[PDB]
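S.K.: Got a structure for you, written out below as structure tokens; questions coming shortly.
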There are 2 protein chains.
Amino acid sequence: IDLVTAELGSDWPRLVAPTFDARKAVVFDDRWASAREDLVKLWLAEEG
Amino acid sequence: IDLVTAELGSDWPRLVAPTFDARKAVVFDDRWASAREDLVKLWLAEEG
């Protein structure tokens with residue numbers, strides 16, 4: 001492991017560490033909810 | 001070391017092993033010796 005590090009360097013092994021996992025995903029399929037809140041904000045704040 | 005191997009593969013660490021060492025070098029600076037043996041071989045074997 002010392003020899004492998006000697007060739008590749010310090011940053012390469014540390015940055016190659018895994019990140020992605022299947023449980024952290026977030027899905028936004030709602031327009032219906034966000035469109036309603038979007039309109040009332042316009043309606044109340046109307047100036048121009 | 002298992003994670004590092006997982007990324008890079010099996011062949012990469014094995015082929016990257018060191019080879020060169022300063023003590024195995026071989027120097028041929030002699031023409032004077034090799035030219036003499038070269039001529040006598042011609043002289044004896046002359047046909048054409």
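Within each chain, counting starts at residue 1; across the structure tokens, chains are named A, B, ... in the order shown, with ligands numbered 1 upward in that order.
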Write out as a list in words the set of residues from chain A that DSSP, computed on the backbone, places in alpha helix (DSSP H).
M.R.: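 Taking chain A and keeping alpha helix (DSSP H) only, one gets residues 2, 3, 4, 5, 6, 7, 8, 11, 12, 13, 14, 15, 32, 33, 34, 35, 36, 37, 38, 39, 40, 41, 42, 43, 44 and 45 of chain A.
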S.K.: Using only C-alpha atoms and a cut-off of 10 Å, which residues of chain B sit close to chain A? Please list them as a PyMOL selection string.
M.R.: chain B and resi 1-5+7+12-14+16-18
S.K.: In Å, how far is it from CA of residue 11 in chain B to CA of residue 8 in chain A?
M.R.: 14.8 Å
S.K.: Would you work out the distance separating CA of residue 20 in chain A from CA of residue 6 in chain A, expressed in Å to one decimal?
M.R.: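 Straight-line distance from CA of residue 20 in chain A to CA of residue 6 in chain A works out to 27.3 Å.
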S.K.: What is the distance, in Å and to one decimal place, between CA of residue 27 in chain B and CA of residue 45 in chain B?
M.R.: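 CA of residue 27 in chain B sits 29.4 Å away from CA of residue 45 in chain B.
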